[PDB]
Amino acid sequence: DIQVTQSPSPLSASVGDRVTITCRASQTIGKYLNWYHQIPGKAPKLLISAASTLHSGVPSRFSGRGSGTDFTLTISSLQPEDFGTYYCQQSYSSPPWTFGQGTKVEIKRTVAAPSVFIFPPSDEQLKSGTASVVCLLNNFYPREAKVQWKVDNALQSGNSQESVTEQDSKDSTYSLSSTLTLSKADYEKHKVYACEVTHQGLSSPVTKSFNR
Amino acid sequence: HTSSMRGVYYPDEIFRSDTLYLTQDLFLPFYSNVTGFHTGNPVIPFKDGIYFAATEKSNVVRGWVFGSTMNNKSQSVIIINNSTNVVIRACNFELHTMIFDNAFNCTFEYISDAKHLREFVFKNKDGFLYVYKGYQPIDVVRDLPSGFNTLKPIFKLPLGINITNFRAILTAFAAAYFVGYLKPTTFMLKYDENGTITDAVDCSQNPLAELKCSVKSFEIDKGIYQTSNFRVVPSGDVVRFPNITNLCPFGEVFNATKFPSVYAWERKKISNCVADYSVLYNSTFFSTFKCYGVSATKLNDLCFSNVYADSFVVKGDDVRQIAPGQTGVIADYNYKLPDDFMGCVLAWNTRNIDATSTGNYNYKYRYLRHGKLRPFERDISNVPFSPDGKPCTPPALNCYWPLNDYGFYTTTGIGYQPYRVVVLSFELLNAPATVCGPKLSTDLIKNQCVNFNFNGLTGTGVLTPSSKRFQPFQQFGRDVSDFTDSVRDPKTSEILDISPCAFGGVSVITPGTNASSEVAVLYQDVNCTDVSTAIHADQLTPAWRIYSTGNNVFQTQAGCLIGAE
Amino acid sequence: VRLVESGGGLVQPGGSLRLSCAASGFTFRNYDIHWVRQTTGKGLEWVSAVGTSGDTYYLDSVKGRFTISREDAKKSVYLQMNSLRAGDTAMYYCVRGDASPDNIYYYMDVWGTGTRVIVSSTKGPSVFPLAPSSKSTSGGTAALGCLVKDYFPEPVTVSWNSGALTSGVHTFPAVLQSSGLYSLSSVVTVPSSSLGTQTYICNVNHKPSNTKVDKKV
């Protein structure tokens with residue numbers, strides 16, 4: 001079909017207002033393409049029309065251009081109430097109304113150092129036969145760090161789930177919660193549980209561990 | 001003798017929380033000329049929408065009989081209040097005592113048994129009588145005081161009668177009428193706690209009220225603000241797509257007992273029709289119904305210049321290259337399609353027809369040809385091929401027919417079944433409308449700010465005849481700003497269309513709501529010379545009722561600030 | 001111009017569950033009405049729509065399973081989901097299509113609020129209280145723990161004594177495990193003095209079995 005690919009990297013919006021939101025497609029379309037906006041938490045809404053018919057509801061600062069197959073979304077001075085993900089949809093294939101993927105727009109501030117703290121499993125969970133290894137990662141601006149799990153010099157992966165919160169409005173930092181669920185036998189077999197944290201804003205990879 | 005913000009009623013009965021709703025059906029603009037009669041015996045005026053108000057005690061004016069011309073000419077509804085016995089009769093005629101006059105034919109007997117100011121607003125729309133009730137204690141005897149007087153409906157009996165008069169006033173009294181006409185405008189209401197209004201803003205009295213209605217807020221800061229000035233003078237709506245013509249042959253397309261091959265697809269031209277588009281929506285068995293230029297639903301709303309039909313048979317899942325851009329063996333050798341196709345495609349299964357259990361070798365396709373096909377190209381050649389000349393008599397060395405027959409059978413897969421693809425090529429070239437939707441048209445109203453809905457040109461403005469440089473084959477025309485300038489009528493009387501509309505949307509400069517109560521306007525792009533002429537003649541779009549002009553100054557990008565010298 | 005959703009979703013994969021989309025004072029007798037499927041981290045995959053005529057569009061995947069119907073006077077649009085599978089758990093929206101000149105764009109003019117139709121089983125949340133108070137790290141900076149597990153719906157929130165100091169912390173969104181249950185990990189920052197001071201009560205509540213449980217960690 002009409003495969004449309006957006007920008008595969010979120011654009012961290014600084015104090016500037018120079019965005020390069022692209023909505024390139026496979027074939028060529030004159031103006032059979034629109035742009036939307038969805039703040040995470042609510043329903044989406046129309047942001048930019050087909051580059052020449054921007055109507056009310058959206059401020060006139062948000063501009064739009066497009067022709068052929070390379071589309072550009074030029075935006076004026078950014079406002080704090082105009083953040084979120086902007087989607088684009090093709091209007092050529094009429095029955096298959098397929099939208100795009102999504103381009104997230106976040107806030108840019110000073111780099112913060114994540115306070116790495118790994119916590120042992122709870123006491124009451126041991127009575128049920130399960131074990132949860134939770135490693136906390138809070139107070140960090142760069143939302144690009146990944147958590148590595150190593151137990152007794154053995155690479156542990158595939159059984160861990162991470163949860164990242166939205167960017168706060170007080171310190172503009174992120175918080176990550178990586179939980180590694182292990183069985184009771186695998187927990188009692190090992191003694192050392194290390195939480196390897198690799199972050200860009202850190203000069204050295206900080207690794208915390210504890211003994212049973 | 002002036003309606004000081006009187007006549008505000010609820011537009012519906014749905015409860016709403018604290019919000020700012022924009023009402024369109026509300027009537028009785030504020031500060032309107034009310035024809036109060038401070039009194040062939042009565043002074044019965046035309047109705048045109050009225051506003052009933054009684055400022056006399058002892059219940060002097062307690063009866064009003066709606067209907068039409070008297071002297072037994074049309075049905076009339078009698079609304080009389082006598083000893084708390086409100087009997088609403090709508091059958092008595094007139095060849096206090098106007099009830100027992102004639103008894104030719106009576107029906108629909110409705111009986112409802114059970115200083116002072118009682119306000120009533122009567123509305124008749126599409127044969128529906130809306131009656132509201134409102135009371136407000138007053139003490140002055142000069143004229144109608146100010147207030148809000150939230151109205152509440154009491155009776156909504158349609159009766160299918162267009163009311164035009166009111167009569168049957170009592171006697172032996174003071175006795176006044178206080179009836180005022182209403183005009184269709186827009187209103188902005190406030191929804192406070194407990195479901196009360198207590199505040200309304202009519203967006204038709206002053207430019208300041210229009211500015212307040214623009215930003216949807218009861219407080220205006222300093223600066224310049226304006227939103228299209230599209231809530232000043234509304235009117236009706238004109239339509240197009242005139243009376244139907246001979247039926248479109250789209251039905252006979254999906255009925256042929258035999259269908260051509262892929263390389264010999266037949267091109268049938270369709271013109272001078274009114275397509276119903278019912279065989280495309282209904283009978284949902286088209287497995288590959290796709291549209292590329294126009295929306296798959298917005299088909300009965302456009303007038304295409306010329307439509308066609310391309311019927312051919314493809315083998316199962318091979319229907320993936322009848323789309324603009326797709327390449328393959330059935331995209332450059334048998335059937336092509338332009339990059340901007342602007343049309344729909346369909347495909348339905350024919351397994352129970354074009355398939356046998358002993359050999360259905362009757363369909364072929366071209367798979368070897370020098371170069372690629374151009375958009376909408378057809379070739380029915382049959383000759384061995386070789387890219388060095390080579391007439392290539394069949395059995396000489398390696399010559400074979402560049403046409404592979406299909407393998408249609410009964411016990412096969414889904415991807416190897418005959419799918420008949422009918423390709424409808426829509427067009428919007430410069431030519432008279434040959435195919436439209438099954439709609440009806442009305443008369444072309446001149447000199448009225450009615451919204452126009454042409455074949456493919458919508459919008460609003462003052463449709464006025466003019467004279468420009470048009471061509472016989474050209475139907476419509478656009479402006480420099482990609483706006484509809486002129487367009488001929490599809491039915492008859494091919495003439496020019498709406499002239500240039502009002503000179504942009506005038507802005508309202510307000511230095512602050514709490515600062516003062518003054519109001520000033522700022523025209524975006526005008527000449528500050530014909531503005532007064534367009535306003536005083538009620539021909540301009542932002543034409544306010546209570547509006548004047550004090551001084552106009554013309555400079556580079558003047559923007560005549562009317563409201564302060 | 002606003003559309004309000006109704007209902008939700010609780011049935012298991014293999015059942016029927018319909019939706020509804022109301023309207024407002026706008027003229028809802030000539031515009032279009034389509035659906036939108038947002039899987040909370042995936043693409044908006046829905047193409048079904050009904051027009052003014054008897055036009056009924058569907059998706060190539062869910063074909064012959066779902067049916068659409070609209071009512072002009074009632075200002076409501078329905079969407080029945082027969083033979084519901086487990087890969088449809090998402091938030092369903094209602095949109096409107098309109099073209100300004102004649103046909104060019106649809107604009108997806110007015111959206112709705114959403115309706116979550118989840119297809120799985122439900123259980124009771126189990127909180128893990130009695131976090132390690134002082135066993136390996138007492139001074140410096142630390143954090144508590146009120147991890148919850150085994151709960152299908154997540155109408156939960158963890159307040160910290162309804163607010164008594166100025167520290168600043170927020171909870172984490174839940175994550176669906178492989179078994180089919182959710183889990184939350186609520187943490188709290190430590191003030192200038194927390195050892196032997198004002199404690200914190202994790203107010204985990206809103207259990208489908210109407211069994212509240214709160215305990216200090």
# chains A, B, ... in the order shown; residues from 1 in each chain; ligands from 1
>>> residues_around(residues="residue C:214", least_positions_apart="2", cutoff="12 Å", atoms="only C-alpha atoms", output="list in words")
residues 125, 126, 127, 128, 129, 130, 146, 148, 157, 158, 159, 160, 161, 200, 201, 202, 203, 204, 205, 206, 207, 211, 212, 216 and 217 of chain C
>>> write_last_selection(atoms="N, CA and C atoms", output="PDB file, in the first residue's frame")
ATOM      1  N   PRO C 125      -5.740  -7.549  43.413  1.00  0.00           N
ATOM      2  CA  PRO C 125      -4.375  -7.038  43.593  1.00  0.00           C
ATOM      3  C   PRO C 125      -3.790  -7.442  44.936  1.00  0.00           C
ATOM      4  N   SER C 126      -2.509  -7.803  44.916  1.00  0.00           N
ATOM      5  CA  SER C 126      -1.771  -8.206  46.110  1.00  0.00           C
ATOM      6  C   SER C 126      -0.609  -7.241  46.307  1.00  0.00           C
ATOM      7  N   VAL C 127      -0.656  -6.474  47.386  1.00  0.00           N
ATOM      8  CA  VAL C 127       0.387  -5.509  47.710  1.00  0.00           C
ATOM      9  C   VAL C 127       1.430  -6.193  48.583  1.00  0.00           C
ATOM     10  N   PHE C 128       2.673  -5.717  48.495  1.00  0.00           N
ATOM     11  CA  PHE C 128       3.788  -6.260  49.267  1.00  0.00           C
ATOM     12  C   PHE C 128       4.261  -5.222  50.276  1.00  0.00           C
ATOM     13  N   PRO C 129       3.683  -5.182  51.478  1.00  0.00           N
ATOM     14  CA  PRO C 129       4.118  -4.202  52.480  1.00  0.00           C
ATOM     15  C   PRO C 129       5.357  -4.651  53.238  1.00  0.00           C
ATOM     16  N   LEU C 130       5.721  -3.896  54.275  1.00  0.00           N
ATOM     17  CA  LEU C 130       6.883  -4.184  55.120  1.00  0.00           C
ATOM     18  C   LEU C 130       8.176  -4.154  54.301  1.00  0.00           C
ATOM     19  N   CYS C 146       6.036   0.042  47.475  1.00  0.00           N
ATOM     20  CA  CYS C 146       4.655  -0.413  47.604  1.00  0.00           C
ATOM     21  C   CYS C 146       4.223  -1.138  46.336  1.00  0.00           C
ATOM     22  N   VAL C 148       2.674  -3.513  43.733  1.00  0.00           N
ATOM     23  CA  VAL C 148       1.424  -4.256  43.650  1.00  0.00           C
ATOM     24  C   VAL C 148       1.487  -5.163  42.430  1.00  0.00           C
ATOM     25  N   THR C 157      -4.253   4.583  42.785  1.00  0.00           N
ATOM     26  CA  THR C 157      -3.402   5.737  43.035  1.00  0.00           C
ATOM     27  C   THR C 157      -2.820   5.593  44.434  1.00  0.00           C
ATOM     28  N   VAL C 158      -1.583   6.046  44.608  1.00  0.00           N
ATOM     29  CA  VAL C 158      -0.865   5.911  45.870  1.00  0.00           C
ATOM     30  C   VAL C 158      -0.512   7.314  46.345  1.00  0.00           C
ATOM     31  N   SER C 159      -1.264   7.817  47.317  1.00  0.00           N
ATOM     32  CA  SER C 159      -0.971   9.101  47.934  1.00  0.00           C
ATOM     33  C   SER C 159      -0.074   8.906  49.152  1.00  0.00           C
ATOM     34  N   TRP C 160       0.662   9.957  49.495  1.00  0.00           N
ATOM     35  CA  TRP C 160       1.610   9.929  50.607  1.00  0.00           C
ATOM     36  C   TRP C 160       1.085  10.854  51.701  1.00  0.00           C
ATOM     37  N   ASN C 161       0.231  10.302  52.568  1.00  0.00           N
ATOM     38  CA  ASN C 161      -0.357  11.030  53.694  1.00  0.00           C
ATOM     39  C   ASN C 161      -1.113  12.276  53.239  1.00  0.00           C
ATOM     40  N   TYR C 200       4.540   7.036  56.023  1.00  0.00           N
ATOM     41  CA  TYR C 200       3.750   7.209  54.814  1.00  0.00           C
ATOM     42  C   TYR C 200       2.815   6.020  54.652  1.00  0.00           C
ATOM     43  N   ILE C 201       1.574   6.300  54.267  1.00  0.00           N
ATOM     44  CA  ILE C 201       0.542   5.284  54.100  1.00  0.00           C
ATOM     45  C   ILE C 201       0.226   5.178  52.616  1.00  0.00           C
ATOM     46  N   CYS C 202       0.598   4.055  52.007  1.00  0.00           N
ATOM     47  CA  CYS C 202       0.260   3.795  50.611  1.00  0.00           C
ATOM     48  C   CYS C 202      -1.231   3.496  50.506  1.00  0.00           C
ATOM     49  N   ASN C 203      -1.972   4.385  49.851  1.00  0.00           N
ATOM     50  CA  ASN C 203      -3.430   4.277  49.781  1.00  0.00           C
ATOM     51  C   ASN C 203      -3.862   3.520  48.523  1.00  0.00           C
ATOM     52  N   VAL C 204      -3.354   2.295  48.398  1.00  0.00           N
ATOM     53  CA  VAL C 204      -3.767   1.419  47.306  1.00  0.00           C
ATOM     54  C   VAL C 204      -5.174   0.912  47.595  1.00  0.00           C
ATOM     55  N   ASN C 205      -6.085   1.130  46.655  1.00  0.00           N
ATOM     56  CA  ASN C 205      -7.496   0.832  46.874  1.00  0.00           C
ATOM     57  C   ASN C 205      -8.150   0.576  45.521  1.00  0.00           C
ATOM     58  N   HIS C 206      -9.485   0.600  45.498  1.00  0.00           N
ATOM     59  CA  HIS C 206     -10.280   0.395  44.287  1.00  0.00           C
ATOM     60  C   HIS C 206     -10.023  -0.990  43.688  1.00  0.00           C
ATOM     61  N   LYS C 207     -10.343  -2.009  44.482  1.00  0.00           N
ATOM     62  CA  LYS C 207     -10.266  -3.423  44.136  1.00  0.00           C
ATOM     63  C   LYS C 207     -11.613  -3.907  43.604  1.00  0.00           C
ATOM     64  N   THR C 211     -12.344  -4.954  48.414  1.00  0.00           N
ATOM     65  CA  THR C 211     -11.524  -5.258  49.586  1.00  0.00           C
ATOM     66  C   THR C 211     -10.331  -4.308  49.586  1.00  0.00           C
ATOM     67  N   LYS C 212     -10.408  -3.259  50.398  1.00  0.00           N
ATOM     68  CA  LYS C 212      -9.327  -2.290  50.486  1.00  0.00           C
ATOM     69  C   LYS C 212      -8.222  -2.803  51.402  1.00  0.00           C
ATOM     70  N   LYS C 216       1.729   0.682  56.004  1.00  0.00           N
ATOM     71  CA  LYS C 216       2.924   1.509  55.927  1.00  0.00           C
ATOM     72  C   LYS C 216       4.154   0.651  55.655  1.00  0.00           C
ATOM     73  N   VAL C 217       5.012   1.134  54.762  1.00  0.00           N
ATOM     74  CA  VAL C 217       6.243   0.432  54.426  1.00  0.00           C
ATOM     75  C   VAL C 217       7.449   1.222  54.918  1.00  0.00           C
TER      76      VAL C 217
END
>>> residues_around(residues="stretch 410-422 of chain B", least_positions_apart="2", cutoff="6 Å", atoms="only C-alpha atoms", output="JSON, numbers by chain")
{"B": [310, 311, 312, 313, 314, 315, 316, 317, 346, 347, 348, 349, 350, 351, 355, 356, 357]}
>>> interface_residues(of="chain A", to="chain B", cutoff="12 Å", atoms="only C-alpha atoms", output="ChimeraX atom specification")
/A:1-3,25-32,52-53,55-57,59-60,68,90-97
>>> residues_around(residues="residue B:462", least_positions_apart="3", cutoff="12 Å", atoms="only C-alpha atoms", output="PDB file with C-alpha atoms, in the first residue's frame")
ATOM      1  CA  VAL B 233     -25.408  38.469   8.919  1.00  0.00           C
ATOM      2  CA  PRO B 234     -26.417  34.851   8.197  1.00  0.00           C
ATOM      3  CA  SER B 235     -29.049  33.802   5.680  1.00  0.00           C
ATOM      4  CA  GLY B 236     -30.378  30.702   3.927  1.00  0.00           C
ATOM      5  CA  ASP B 237     -28.578  28.186   1.716  1.00  0.00           C
ATOM      6  CA  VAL B 238     -28.739  27.567  -2.030  1.00  0.00           C
ATOM      7  CA  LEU B 444     -30.525  31.028  -7.812  1.00  0.00           C
ATOM      8  CA  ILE B 445     -31.161  33.739  -5.220  1.00  0.00           C
ATOM      9  CA  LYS B 446     -29.520  37.088  -5.979  1.00  0.00           C
ATOM     10  CA  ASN B 447     -28.142  39.667  -3.530  1.00  0.00           C
ATOM     11  CA  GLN B 448     -28.292  37.594  -0.354  1.00  0.00           C
ATOM     12  CA  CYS B 449     -25.533  36.270   1.916  1.00  0.00           C
ATOM     13  CA  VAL B 450     -26.544  32.637   1.419  1.00  0.00           C
ATOM     14  CA  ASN B 451     -24.080  29.758   1.433  1.00  0.00           C
ATOM     15  CA  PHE B 452     -23.570  28.290  -2.037  1.00  0.00           C
ATOM     16  CA  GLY B 459     -18.608  28.366   0.735  1.00  0.00           C
ATOM     17  CA  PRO B 465     -24.630  38.245 -11.483  1.00  0.00           C
ATOM     18  CA  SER B 466     -21.628  39.840 -13.158  1.00  0.00           C
ATOM     19  CA  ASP B 485     -14.647  33.261  -8.220  1.00  0.00           C
ATOM     20  CA  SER B 486     -17.292  32.364 -10.822  1.00  0.00           C
ATOM     21  CA  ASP B 497     -21.454  34.040 -10.371  1.00  0.00           C
ATOM     22  CA  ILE B 498     -20.803  35.692  -6.982  1.00  0.00           C
ATOM     23  CA  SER B 499     -18.756  38.889  -7.209  1.00  0.00           C
ATOM     24  CA  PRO B 500     -15.865  39.616  -4.818  1.00  0.00           C
ATOM     25  CA  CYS B 501     -17.269  39.426  -1.294  1.00  0.00           C
ATOM     26  CA  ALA B 502     -16.770  41.843   1.606  1.00  0.00           C
ATOM     27  CA  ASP B 538     -26.780  46.749   4.321  1.00  0.00           C
ATOM     28  CA  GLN B 539     -24.625  45.122   1.626  1.00  0.00           C
ATOM     29  CA  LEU B 540     -21.451  44.574   3.687  1.00  0.00           C
ATOM     30  CA  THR B 541     -20.900  41.410   5.709  1.00  0.00           C
TER      31      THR B 541
END
>>> interface_residues(of="chain A", to="chain C", cutoff="7 Å", atoms="only C-alpha atoms", output="ChimeraX atom specification")
/A:32,34,43-46,91,95-99,101,122-125,163-165
>>> decode(residues="stretch 19-125 of chain A", atoms="C-alpha atoms", output="PDB file, in the first residue's frame")
ATOM      1  CA  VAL A  19      11.540  21.485  13.881  1.00  0.00           C
ATOM      2  CA  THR A  20      12.120  19.157  10.924  1.00  0.00           C
ATOM      3  CA  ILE A  21       8.994  17.002  11.100  1.00  0.00           C
ATOM      4  CA  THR A  22       8.941  14.995   7.865  1.00  0.00           C
ATOM      5  CA  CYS A  23       6.223  12.713   6.477  1.00  0.00           C
ATOM      6  CA  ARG A  24       7.862  11.153   3.422  1.00  0.00           C
ATOM      7  CA  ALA A  25       5.852   8.453   1.647  1.00  0.00           C
ATOM      8  CA  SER A  26       6.438   5.804  -1.012  1.00  0.00           C
ATOM      9  CA  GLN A  27       4.495   7.274  -3.942  1.00  0.00           C
ATOM     10  CA  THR A  28       3.924  10.979  -4.649  1.00  0.00           C
ATOM     11  CA  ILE A  29       0.857  12.952  -3.548  1.00  0.00           C
ATOM     12  CA  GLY A  30       0.092  16.624  -4.119  1.00  0.00           C
ATOM     13  CA  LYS A  31      -1.898  17.461  -0.994  1.00  0.00           C
ATOM     14  CA  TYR A  32      -3.470  14.111   0.013  1.00  0.00           C
ATOM     15  CA  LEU A  33      -1.817  14.229   3.430  1.00  0.00           C
ATOM     16  CA  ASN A  34      -2.670  15.872   6.757  1.00  0.00           C
ATOM     17  CA  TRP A  35      -1.110  16.324  10.198  1.00  0.00           C
ATOM     18  CA  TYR A  36      -2.617  15.720  13.640  1.00  0.00           C
ATOM     19  CA  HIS A  37      -1.594  16.136  17.276  1.00  0.00           C
ATOM     20  CA  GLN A  38      -2.234  14.033  20.383  1.00  0.00           C
ATOM     21  CA  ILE A  39      -1.092  15.025  23.864  1.00  0.00           C
ATOM     22  CA  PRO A  40      -0.419  11.749  25.745  1.00  0.00           C
ATOM     23  CA  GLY A  41      -3.490  11.160  27.880  1.00  0.00           C
ATOM     24  CA  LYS A  42      -6.266  12.581  25.698  1.00  0.00           C
ATOM     25  CA  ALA A  43      -7.728  11.923  22.254  1.00  0.00           C
ATOM     26  CA  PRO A  44      -5.941  13.152  19.104  1.00  0.00           C
ATOM     27  CA  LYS A  45      -6.936  16.302  17.256  1.00  0.00           C
ATOM     28  CA  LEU A  46      -6.250  18.088  13.988  1.00  0.00           C
ATOM     29  CA  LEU A  47      -3.184  20.349  14.029  1.00  0.00           C
ATOM     30  CA  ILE A  48      -2.159  21.093  10.421  1.00  0.00           C
ATOM     31  CA  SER A  49      -4.263  20.771   7.264  1.00  0.00           C
ATOM     32  CA  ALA A  50      -2.954  19.820   3.818  1.00  0.00           C
ATOM     33  CA  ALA A  51      -0.325  22.611   3.951  1.00  0.00           C
ATOM     34  CA  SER A  52      -2.691  25.247   2.510  1.00  0.00           C
ATOM     35  CA  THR A  53      -6.012  25.168   4.423  1.00  0.00           C
ATOM     36  CA  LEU A  54      -5.154  25.609   8.103  1.00  0.00           C
ATOM     37  CA  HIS A  55      -8.472  26.490   9.748  1.00  0.00           C
ATOM     38  CA  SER A  56      -9.453  27.731  13.209  1.00  0.00           C
ATOM     39  CA  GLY A  57      -8.925  25.808  16.447  1.00  0.00           C
ATOM     40  CA  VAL A  58      -5.160  25.721  15.867  1.00  0.00           C
ATOM     41  CA  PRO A  59      -3.214  29.003  16.197  1.00  0.00           C
ATOM     42  CA  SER A  60      -1.998  30.583  12.968  1.00  0.00           C
ATOM     43  CA  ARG A  61       1.620  30.259  14.147  1.00  0.00           C
ATOM     44  CA  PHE A  62       1.642  26.575  13.159  1.00  0.00           C
ATOM     45  CA  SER A  63       2.533  26.630   9.456  1.00  0.00           C
ATOM     46  CA  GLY A  64       2.731  23.840   6.897  1.00  0.00           C
ATOM     47  CA  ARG A  65       4.300  23.039   3.527  1.00  0.00           C
ATOM     48  CA  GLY A  66       4.303  20.029   1.238  1.00  0.00           C
ATOM     49  CA  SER A  67       4.507  18.916  -2.391  1.00  0.00           C
ATOM     50  CA  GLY A  68       5.398  15.742  -4.258  1.00  0.00           C
ATOM     51  CA  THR A  69       6.654  13.181  -1.746  1.00  0.00           C
ATOM     52  CA  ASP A  70       8.763  15.186   0.757  1.00  0.00           C
ATOM     53  CA  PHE A  71       6.645  16.972   3.369  1.00  0.00           C
ATOM     54  CA  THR A  72       7.949  19.468   5.929  1.00  0.00           C
ATOM     55  CA  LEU A  73       6.123  20.765   9.009  1.00  0.00           C
ATOM     56  CA  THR A  74       7.379  24.272   9.798  1.00  0.00           C
ATOM     57  CA  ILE A  75       6.309  25.503  13.243  1.00  0.00           C
ATOM     58  CA  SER A  76       6.651  29.018  14.661  1.00  0.00           C
ATOM     59  CA  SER A  77       7.656  29.957  18.226  1.00  0.00           C
ATOM     60  CA  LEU A  78       6.830  26.956  20.393  1.00  0.00           C
ATOM     61  CA  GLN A  79       4.457  27.187  23.351  1.00  0.00           C
ATOM     62  CA  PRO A  80       4.550  24.995  26.483  1.00  0.00           C
ATOM     63  CA  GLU A  81       0.894  24.023  25.933  1.00  0.00           C
ATOM     64  CA  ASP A  82       1.658  22.700  22.420  1.00  0.00           C
ATOM     65  CA  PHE A  83       3.717  19.596  23.228  1.00  0.00           C
ATOM     66  CA  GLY A  84       3.040  15.956  22.455  1.00  0.00           C
ATOM     67  CA  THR A  85       3.112  13.584  19.499  1.00  0.00           C
ATOM     68  CA  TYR A  86       2.282  14.787  15.977  1.00  0.00           C
ATOM     69  CA  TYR A  87       0.962  12.200  13.512  1.00  0.00           C
ATOM     70  CA  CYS A  88       0.489  12.432   9.750  1.00  0.00           C
ATOM     71  CA  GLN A  89      -1.914  10.475   7.551  1.00  0.00           C
ATOM     72  CA  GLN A  90      -2.140   9.888   3.806  1.00  0.00           C
ATOM     73  CA  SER A  91      -5.385  10.644   1.968  1.00  0.00           C
ATOM     74  CA  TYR A  92      -4.735   8.683  -1.240  1.00  0.00           C
ATOM     75  CA  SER A  93      -5.913   5.182  -0.291  1.00  0.00           C
ATOM     76  CA  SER A  94      -9.506   6.011   0.604  1.00  0.00           C
ATOM     77  CA  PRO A  95     -10.738   2.735   2.199  1.00  0.00           C
ATOM     78  CA  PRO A  96      -7.493   1.982   4.095  1.00  0.00           C
ATOM     79  CA  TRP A  97      -7.283   5.097   6.280  1.00  0.00           C
ATOM     80  CA  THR A  98      -3.825   4.272   7.624  1.00  0.00           C
ATOM     81  CA  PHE A  99      -2.130   6.849   9.846  1.00  0.00           C
ATOM     82  CA  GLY A 100       1.591   7.281  10.495  1.00  0.00           C
ATOM     83  CA  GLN A 101       3.743   6.203  13.445  1.00  0.00           C
ATOM     84  CA  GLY A 102       4.403   9.222  15.661  1.00  0.00           C
ATOM     85  CA  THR A 103       6.964  11.930  16.453  1.00  0.00           C
ATOM     86  CA  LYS A 104       7.284  12.846  20.127  1.00  0.00           C
ATOM     87  CA  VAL A 105       8.165  16.411  21.142  1.00  0.00           C
ATOM     88  CA  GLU A 106       9.681  16.754  24.624  1.00  0.00           C
ATOM     89  CA  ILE A 107      11.354  19.532  26.620  1.00  0.00           C
ATOM     90  CA  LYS A 108      15.116  20.136  26.678  1.00  0.00           C
ATOM     91  CA  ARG A 109      16.802  21.108  29.954  1.00  0.00           C
ATOM     92  CA  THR A 110      20.098  20.545  31.752  1.00  0.00           C
ATOM     93  CA  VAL A 111      21.561  17.047  31.951  1.00  0.00           C
ATOM     94  CA  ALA A 112      20.858  15.262  35.239  1.00  0.00           C
ATOM     95  CA  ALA A 113      22.619  12.334  36.899  1.00  0.00           C
ATOM     96  CA  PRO A 114      20.371   9.329  37.652  1.00  0.00           C
ATOM     97  CA  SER A 115      20.338   8.257  41.302  1.00  0.00           C
ATOM     98  CA  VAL A 116      20.699   4.486  40.961  1.00  0.00           C
ATOM     99  CA  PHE A 117      19.130   2.510  43.811  1.00  0.00           C
ATOM    100  CA  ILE A 118      18.297  -1.199  43.553  1.00  0.00           C
ATOM    101  CA  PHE A 119      16.021  -2.635  46.226  1.00  0.00           C
ATOM    102  CA  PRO A 120      15.798  -6.250  47.437  1.00  0.00           C
ATOM    103  CA  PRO A 121      12.531  -8.187  47.076  1.00  0.00           C
ATOM    104  CA  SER A 122       9.832  -7.780  49.696  1.00  0.00           C
ATOM    105  CA  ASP A 123       9.571 -10.094  52.692  1.00  0.00           C
ATOM    106  CA  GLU A 124       5.930 -11.128  52.232  1.00  0.00           C
ATOM    107  CA  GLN A 125       6.528 -12.134  48.601  1.00  0.00           C
TER     108      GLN A 125
END
